[PDB]
Each structure stands twice: as C-alpha cells, then as structure tokens.
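An overview of the molecular structure
Take a look at the letters that make up each chain.
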Amino acid sequence: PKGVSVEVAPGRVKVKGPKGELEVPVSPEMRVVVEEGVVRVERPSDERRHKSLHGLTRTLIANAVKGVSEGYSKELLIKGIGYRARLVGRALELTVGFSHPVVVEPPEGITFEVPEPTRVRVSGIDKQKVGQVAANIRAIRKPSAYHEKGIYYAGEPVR
Amino acid sequence: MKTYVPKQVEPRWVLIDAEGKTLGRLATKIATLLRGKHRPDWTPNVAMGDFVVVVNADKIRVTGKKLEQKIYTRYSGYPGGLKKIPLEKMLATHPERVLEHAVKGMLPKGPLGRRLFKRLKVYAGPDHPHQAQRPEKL
Amino acid sequence: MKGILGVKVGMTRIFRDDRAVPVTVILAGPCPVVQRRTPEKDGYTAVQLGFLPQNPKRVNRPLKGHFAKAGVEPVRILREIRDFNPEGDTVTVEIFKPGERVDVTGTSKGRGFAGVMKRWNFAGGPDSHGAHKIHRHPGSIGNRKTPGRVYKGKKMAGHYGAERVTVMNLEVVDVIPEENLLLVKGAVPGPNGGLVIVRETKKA
Amino acid sequence: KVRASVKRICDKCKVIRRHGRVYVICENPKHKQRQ
RNA sequence: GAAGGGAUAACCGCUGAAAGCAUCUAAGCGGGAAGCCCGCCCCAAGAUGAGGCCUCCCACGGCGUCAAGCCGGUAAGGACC
RNA sequence: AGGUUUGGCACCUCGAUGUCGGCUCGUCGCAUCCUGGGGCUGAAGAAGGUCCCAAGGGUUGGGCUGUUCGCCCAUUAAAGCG
C-alpha cells in the first residue's frame, strides 16, 4: 500500500497516507508492528479472550489502511413528497414531512455530498465517523410506513 | 516483676503515594502505619504513630469495575432519603475522600481512632503544601 | 447580575392601554459600591453595596473608608451581589429599563409562634359533633412501635414569619430615576420600609 | 418481548443477546422476544 | 414547577472479532426518560476539619519552680439601665 | 415469590399490649391508576391490545349504609393496589 505510512507505538497505531493520519489504539499486548512490505499481528495464548481480542485488531488497523487509501462511501435514498435535501455548504437540510425542515450539522473530518434531491452519500475517512453518521441521517425518517416514505441506505426494503 | 513503657516520643511523619495501588490494599498499610503498629514501642492507649501524608491522590486503581458498582450510601439525611453516591462521582467531584473513607474503616472506633484519623493527611496532588519534613516512605 | 439594595415603600396601581396593574413601589437609592472581591482576593466575585446615607460617625473601628464612596458608611449596611461588578462608583438605578424581570428578596413579616394550620394550613378538627378540645390541633404525628418516633421533619407549630423570602420574575413596570424609584408586580415580601434587594430574573 | 421456554420461532429469529437480557429475534416483530 | 449542562433505564444504533460469513459487545463509540446528578429556593463553619475577606485596638505595671495556674487599669469595642 | 385474606401453632404480653369505622397527620413499597420513555402487534391513520423501563408528582365531589367494601350520580389525565 505504497501510499501508506504505518507508525507503531506502545499500544496505539498512527497510520498515515494520501488522506491522513489516524489513531488506532489497541491492547498493550502482542507488540505487533510492521513486519515486511506489509503489516502483521500475532497473539499469545489461545484463550477465547485473546483470539477475540486478536483478529479484532487484524481488521482494526487494516481499516486505517484502506481508510487513507481513499475510504469514503455511505449512500442514502428518499421517496414521497418534499423528501429531499439542499446541500448548505458542508452540511445539509433535508425535509421530510416534518413541519420544520431538518438542518444536519456538518461533522468535522466528514464530508457531505448532495448528488441530487433524492440519492445522498456521506464521504469521509474513518467509520466511527461515517457510521455514527448513519444515525445522523436515517434517524430522520423510518422505513416500513408500508414503504416509500423515509430515507434508506443502498440495501433493500421489506413489505 | 517488670514493666515496659515509652516516654513522650516525637511524631516522625511520612509522605507517601502509590497511586499505582489499590486503595485498601494501600489504605490498610497506611492505617497500620497510623497507629504505631510497626514501631516496637507499642501502647494502644497512648496515641503514638506516624503522621502519614498521602499526595497525588486518586490515580488509584481499584480492581474490577466500580462504575457505579461501588456505592457510597454513607449519607442518611433524616426525613426519607439515604443519598447514595457511586465512585465516579467522588473521583470527579472532589476525590481524596475515596481514600480517606478507606482509612477510617480501618482505624479503631474510639476517640483515639478518631484522633488517629486526625493524623492522616490526604490531598489530590501531587503537592502537599503543608510539610516541613516529608520522609517519603516506599 | 445587576445588584441594588432598596426598600419596600408601599404600593398602588397604574394603567396600561386600558388595564389596571398592581405595582409595589420599591425605593432603591444610589448604592455607593464600597468593596469588590476578585477570585485572587476573596474567591467569589461580588460587590459590597451601601445604602441609608447619613451617619454621625457611629462607624467606630470598621471605618473602612478606604474607598472614596465612604460618604459616611450607610448604616443601612452593605450586602454583596454575588456576581456583579459595574463601574465602581454608585450603582445608579437606571440599571433597569421597563419590561425587565427581577428577583426581589426581602424579610417575610414576623408572624410569631404560628400555630400549625396557619404555619401549614392543616385540617384542624370538627367545630362540632366530635370532641371540642382538639379543634385546632395537628391530630396524630406518628405510628406505633415501628418506627417508634417522630420523623425528622414533621410540620409542627412554630416560629413562622420574619424570614428570607425570594419572589421571582416580577415585571419591572415604571422606573423614576428622577426621585429614584422602582415599580413592579406587588408580590414583594416584608413590611413597608424594608431592606429589599432587587436582582435580575432567572427565566433566562 | 417474552420470558421463557423458546426454541427460536424462525431462523430469522436469531438470539440477540446484549447488555444482560437474552432477547432473541428475527426480522419479524412477531418472531421477536426478550428474556 | 422551568430553561439549559451532565450521566443513565428499557431500548434504538456505528465499528467489530472470537466464529474467513453475521452481532449493538467481548476491547471501542453514539443517541435514550415526569426519572438520576447539577442547576431555581431556603438553612447552614459546633463543617473541633470550627472556613475566607475588609477595617480597627495595641505592650508586663508585679508575684514562685516562670507564659499565669495571679491580680491591678486598659484599648478598640461590648454589656447594664 | 410475597406475607394483603382465610386458617394452623400457642413463643412474649392476663400485678391489663383499649380490638371496627370515620377524622387529623402522614411516610414507605412497586407488583404502575394517571402523567415520562420503549419493543412487539393479527400496528395503514385516529383507537386499541400486550410486554418492558420508570413512582417526580398526581390520584375529585356527592347518594345509600357504622361500615371497610361495593353499587350507583356527576366528572376525570387518572379517579392505583399494599
């Protein structure tokens, strides 16, 4: 991942790249650093405690990687009447039935992209930032009001 | 016939802090210290012992979880309420006590243990702006 | 938190558009500020105002005239204003523009040893039928063996009155900086000629 | 949304065990439970 | 009565192993109540852990084994009436 | 499971522990009658049904009976149980 700069410390990991550096704090166990032209992770015991705590990081870091290497995505939908949004700078204001339009605060490190009035996506480097920003959204409208209304992801609805 | 009595000693203090310790596991040793239980010139009726001083309060580990698991009922106003308080609170809202209490329930119940608790001097330091002879013990 | 000592003086009513208003006439007066208390100093952060002027050197040792305002310490004593700190040189009165809401504080009139059911609007007892000696009486006060005592709060006959009262959100009607006055919504504790201290509502 | 002797209505009714409560549930709010 | 802060219940979620899939959970993180803690009001330093600040009054005159355990006048102030 | 009913036993009290009901004054419990949240629904909406958090605060006035209780009248967010 040539664009990556994997820094290692006691129990934390600073991953740098074309996008930015991030903190991936982990357990003071393993002292797993960067072995080879890539990154590895080991463990001590075979205790359900470690195995679980292990691998968990295998992924963890692995994301700081893909993250800097252009990690964005987070698409949304709509449907109905005034169910749409008009990007106001870095934040948006989508309206949905509510007698008062909704102004969604613009999170830092996270970018809001309004492709159209309907479809919408959240762009940014992380997850805890993006996903947490799935609430900031879907939380506006539900789903099964015998469908149509409400915003969605990219997945599919159920009657 | 025999006898074994000590004259008027001279309070030899002690400055201390092992915030890397578990209060209690520590407190005891502090209490043990308080009353002259280590110094071989015993007299449970006298009131001679270290003037123990603990700095760098809190920072104290505390085994398993006391995230509201450790409650401090301690307070019973009088009309209908027995105000309870979890650890987290004391830590944030003025700690020190955390350890203080741990010491009280280790010092004897009389006006003495009452007097001995008067010796203990804990602060949320580091910094014990109150000494002229800190003999930091390990 | 705009302070200002003052004294209740009575009350009447005025009009507006076409509706009558109950107004109590407070009389705050120029309050020679005579002390401050910065966190570096005392630790709070307030202002020691002063009131009733004239005073034939009955100041003795606490002359504390180390502030021009001295003007002969106003025996009507001084009382801070928790978080106030204006241009130290007499707190005007024009501190309040009409339509503002204050939180007046004063001393409730002393009702002496008040009887329960006056002190607590208790029921009392039949003025007929049943007995005749327990008319005004608190009835029972406890239970039996358990708990076996009176609660540490039971309301009982007692000294009631002459106390610290604080009525809130009183609308400031008119303000006569001329003769130095203040008008509000009647509900202000204490007899006329009382040490009352006007503040600023906490509705916000 | 329940309390005893369950065999897992439908497979969708996966046992969701969190905090302390053992509430198993499918996609179906009818096939939903909570110990 | 409240605004408003903070921490939570049930519960709603993001990331995510153990278990290559998947899960709100195990390490992690968000939102969540007339409720909880802090706010509003009142008491309150007998809080012997006896707090803080501002301004005042100022020297032993004489008695053992020397800090009074003893008196004779004060001061600033304080009571009496 | 709880100790609110009806009972069993006969341990303290027979040189005495006044025993229904009302009134007055209440305080506590949650197994919640309202008012706060929430999951399901054979939930379109408005209603409901059920289970889960949660007592901060509420929890009316009359007719009949000594009544507690009930049944009625008129309301209510509700007219909670112990």
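Residues numbered from 1 in each chain as written, not as in the entry; some residues may be left out. Chains lettered and ligands numbered in written order. Part of a larger assembly, values for the part shown. Heavy atoms only, no water.

Inclusion rule: UniProt positions are given in the numbering used here, feature names are shortened, and annotations may be inferred rather than shown by experiment.
This entry carries the title "T. thermophilus 70S ribosome in complex with mRNA, tRNAs and EF-Tu.GDP.kirromycin ternary complex, fitted to a 6.4 A Cryo-EM map". The UniProt entry for chain D carries the following text under Sequence similarities: "Belongs to the bacterial ribosomal protein bL36 family."

As annotated in the PDB entry, chain C carries the name 50S ribosomal protein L3 and comes from Thermus thermophilus. Within the UniProt record for chain C, the comment given under Function is "One of the primary rRNA binding proteins, it binds directly near the 3'-end of the 23S rRNA, where it nucleates assembly of the 50S subunit." Quoted straight from UniProt, the Sequence similarities entry for chain C says "Belongs to the universal ribosomal protein uL3 family."

1. Some points on the overall build of chain C
What counts is decided by this rule: Strands are runs of DSSP state E lasting at least two residues, helices are runs of H or I lasting at least four, and both sets are numbered from the N terminus onward. The globule rule used for comparison is 2.2 Å times the number of residues to the exponent 0.38, while the radius of gyration itself is calculated over C-alpha atoms. Under the scheme applied here, a residue whose accessible area is under 20% of the maximum for its type counts as buried, over 50% as exposed, and between as partly exposed, the area being computed with a 1.4 Å probe on protein chains only.
Check the secondary structure of chain C and you find zero helices and ten strands. Expected size for 204 residues packed as a compact globule is a radius of gyration near 17 Å; at 23 Å, chain C overshoots this value by more than 25%. A principal-axis box enclosing the C-alpha atoms of chain C has dimensions of 70 × 50 × 40 Å. Looking at the 204 residues of chain C, the share that counts as buried comes to 35%.

2. With respect to the protein's contact with RNA strand E
For clarity, the threshold we go by: The near set for a molecule or strand comprises every residue that places at least one heavy atom within 4 Å of it. Counting of polar contacts relies on pairs of N or O atoms within 3.5 Å, with two restrictions inside protein: one atom must be capable of donating a hydrogen and the other of accepting it, and residues adjacent in sequence are counted only when both atoms are side-chain atoms. Each residue is assigned to one of three groups, with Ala, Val, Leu, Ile, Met, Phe, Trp, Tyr, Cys and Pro labelled nonpolar, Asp, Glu, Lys and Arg labelled charged, and all others, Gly among them, labelled polar.
In the region of RNA strand E, 37 residues are neighbours, and A:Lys127, A:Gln128, C:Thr166, D:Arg18 and D:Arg21 sit closest. Sugar plus phosphate: this is where 67% of the atoms of RNA strand E within 4 Å of the protein reside. B:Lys89 has a polar side-chain atom sitting 3.1 Å from a sugar or linking oxygen of RNA strand E. The side chain of C:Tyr44 places a nitrogen or oxygen atom 2.9 Å from a base nitrogen of RNA strand E. Every element with two or more residues in the surface near RNA strand E is listed here: α1 (48-68) and α2 (132-138) of chain A together with β7 (164-166) of chain C. Per-element accounting of the surface near RNA strand E gives the leading share, eight residues, to α1(A). Grouping the amino acids of the surface near RNA strand E by side-chain chemistry returns eight nonpolar, eleven polar and 18 charged.

3. Some thoughts on a nonpolar patch on the surface
Residue and element names in this part refer to chain A. Filter applied, for reference: Every patch collects residues that have over 30% relative accessible area and no salt bridge, joining them within 9 Å if they carry like charges and within 5 Å if they are nonpolar side chains (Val, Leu, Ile, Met, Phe, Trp, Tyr). Only the protein chains shown count as cover for residues, with accessible areas throughout obtained via the Shrake-Rupley method and a probe of 1.4 Å. Salt bridges are counted wherever a side-chain nitrogen of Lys or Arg sits within 4 Å of a carboxyl oxygen of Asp or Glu.
Together, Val8, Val33, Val34 and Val39 make up an exposed nonpolar region whose accessible area comes to about 230 Å². Along the chain, the position of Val8 falls in strand β1 (residues 5-8). Given a relative accessible area of 35%, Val8 falls into the partly exposed group.

4. Observations concerning the pairing of strand β2 (residues 22-25) of chain D
Residues and elements named next belong to chain D. To be explicit about the condition: Here, a strand pair is defined by DSSP locating no fewer than two bridges between the strands.
Sheet topology places strand β1 (residues 14-17) next to β2; four bridges connect them, and they run antiparallel. Counted as the bridge partner of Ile16 is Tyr23 from β2. Turn length for the β1-β2 hairpin, with the two strands adjacent in sequence and antiparallel, is four residues, and the turn residue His19 shows positive phi of about 30 degrees.

5. Digging into the side chain of A:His50
All names here are of chain A. Condition: The contact definition used throughout considers only heavy atoms, calling two residues in contact when any of these lie within 4.5 Å.
Structurally, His50 is set in helix α1. Take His50: its relative accessible area is 18%, and that puts it in the buried class. In this structure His50 touches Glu29, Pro44 and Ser45, once residues within four positions along its chain are discounted.

6. Some details on the sheet that holds strand β10 (residues 194-197) of chain C
Residues and elements named next belong to chain C. Pairing is antiparallel in the open sheet, where four strands are placed in the order β9-β2-β1-β10. Two strands in the sheet have a free side with no partner beyond their single neighbour: β9 (182-183) and β10. Direction of pairing for strand β1 (residues 5-16) relative to β10: antiparallel, over a ladder of four bridges. Counted as the bridge partner of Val7 is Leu195 from β10.

7. What about the layout of surface pockets?
Residues and elements named next belong to chain A. The criterion, for reference: Each cavity reported here is a set of points on a 1 Å grid over the protein atoms alone in which a 1.4 Å probe fits but cannot get out, each pocket an open set with protein on both sides within 12 Å along at least five of seven lines, and each lining residue one with an atom within 4 Å of a point. Grid points are joined across faces, edges and corners, and a volume is the space filled by probe spheres set on the points.
Within this model, the largest pocket holds a volume of roughly 430 Å³. For the largest pocket, the lining is made up of 18 residues, of which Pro143, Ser144, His147, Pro157 and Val158 are closest to its centre. Residue composition of the lining of the largest pocket, by class: seven nonpolar, four polar and seven charged.

8. A few points about the protein's contact with RNA strand F
Within the structure, RNA strand F sits among 17 residues, and D:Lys1, D:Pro29, D:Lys30, D:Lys32 and D:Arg34 are positioned closest to it. Take the atoms of RNA strand F that sit within 4 Å of the protein: sugar and phosphate atoms are 70% of them. Contact between RNA strand F and C:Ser140: a base oxygen at 3.0 Å from a main-chain N or O atom of the residue.

9. Quick notes on the nonpolar core
Our working rule: What is meant by a nonpolar core is a set of buried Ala, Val, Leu, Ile, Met, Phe, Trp, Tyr and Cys residues, joined one to another through side-chain atoms within 4.5 Å.
Ranked by internal contacts, the top residues of the largest apolar core, which has 28 residues, are C:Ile4, C:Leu49, C:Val102, C:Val104 and C:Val198. Among the secondary structure elements, those contributing two or more residues to this core are β1 and β10 of chain C. Non-local contacts of C:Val102, meaning those with residues more than four positions away in its chain, are made with C:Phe96, C:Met168, C:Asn169, C:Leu170, C:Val172, C:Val184, C:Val198, C:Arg199, C:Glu200 and C:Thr201. Counting 26 residues, the second largest nonpolar core, distinct from the first, contains B:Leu26, B:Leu34, B:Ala57 and B:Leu107.

10. A look at the pattern of salt bridges
Residues and elements named next belong to chain C. The full count for this structure, using the stated rule, is 13 salt bridges over all chains. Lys69 is the salt-bridge partner of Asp89, the closest N and O atoms lying 3.6 Å from each other. With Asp89 in the loop between β2 (19-26) and β3 (101-102) and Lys69 in the loop between β2 and β3, this pair connects stretches of sequence that are 20 residues apart. We classify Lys69 as buried; its relative accessible area is 17%.

11. Details of the sheet that holds strand β2 (residues 13-16) of chain A
Residues and elements named next belong to chain A. Taken in spatial order, the three strands make up an open sheet running β1-β2-β3, and their pairing is antiparallel. Taken across any chain shown, the strands that pair with only one partner, and hence form the sheet edges, are β1 and β3 (22-23). Sheet analysis places β1 next to β2, joined by four bridges and oriented antiparallel. Across the sheet, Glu7 pairs through a bridge with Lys14, a residue of β2.

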